[PDB]
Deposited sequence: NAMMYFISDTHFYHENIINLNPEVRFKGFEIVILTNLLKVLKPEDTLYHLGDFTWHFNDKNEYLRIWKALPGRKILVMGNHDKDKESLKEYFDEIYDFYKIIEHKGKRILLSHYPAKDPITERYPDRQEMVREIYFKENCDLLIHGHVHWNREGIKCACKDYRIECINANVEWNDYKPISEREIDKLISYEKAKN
């Protein structure tokens, strides 16, 4: 039945990221991402995008129109590059500006774009602290986030009694994460 998927940091149209993360990003990554979502989503599913959706809204290659066409419910948890909520409103059914809490088969899940701690560079320490704060305050069991890109080594959201999983495309071979992998923890 209804499955939950999580993906983030798609950077649709961020052509330059091919240069910035030569390692993982390659020309035509939008098509690859959209493809992997295509062969998985069903009308009753729900896809969570945890940040940095599109680089701009000039849908010259149909990437956005295609995304819009995909089946299932789509909700977004805003990342630092996600600024125009009005432009976004028609690519998502629900938009949460910072976090969203959901409960799955008992356990409580915090959805945010920011991690508890960036294992590399803590560019947004204040936002990281808020995530931790919420996590603790709401007695959350897991944190699903994005923001931290692929690197040649390996979240820091472990130095705190916090469990997490990085939904960033660069870490999951441009595939959404199923609610299955969540259960692999529970």
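Sequence ranges absent from the coordinates, based on the deposited chain and numbered from 1
Several regions go unmodelled: 155-156, 189-195.
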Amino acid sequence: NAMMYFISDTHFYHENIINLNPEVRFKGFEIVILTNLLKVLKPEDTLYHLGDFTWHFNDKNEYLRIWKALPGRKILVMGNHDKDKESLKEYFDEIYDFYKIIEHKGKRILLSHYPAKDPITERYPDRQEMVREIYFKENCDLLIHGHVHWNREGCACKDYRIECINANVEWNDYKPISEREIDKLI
From here on, numbers count along this sequence of modelled residues.
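44-52 versus 23-31: which one carries the higher mean Cα B factor per the record?
It is 23-31 that shows the higher mean C-alpha B-factor.
Mean CA temperature factor from the deposited coordinates, higher in 11-19 or in 159-167?
Per the deposited B-factors, the answer is 159-167.
Checking the entry, which one of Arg73, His113, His81, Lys85 has the top C-alpha B factor?
Top of the list by C-alpha B-factor: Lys85.
Rank-wise, by C-alpha B-factor, drop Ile95 into the lowest, middle or highest third of its chain.
For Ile95, the deposited C-alpha B-factor lands in the lowest third.
Would you mind ranking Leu142 by its C-alpha B-factor against the rest of the chain and naming the third, lowest, middle or highest?
Ranked within chain, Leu142 CA B lands in the middle tercile.
Consider only the C-alpha atoms of the modelled residues in this chain, order them by B-factor as the entry records it, and name the third containing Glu122: lowest, middle or highest.
It belongs to the highest third of the chain when residues are ordered by C-alpha B-factor.
Quick check for you: using the entry's CA B-factors within this chain, is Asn151 in the lowest, middle or highest third?
Ranked within chain, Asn151 CA B lands in the highest tercile.
What third of its chain's C-alpha B-factors does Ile109 belong to: lowest, middle or highest?
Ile109: CA B-factor falls in the middle third of its chain.
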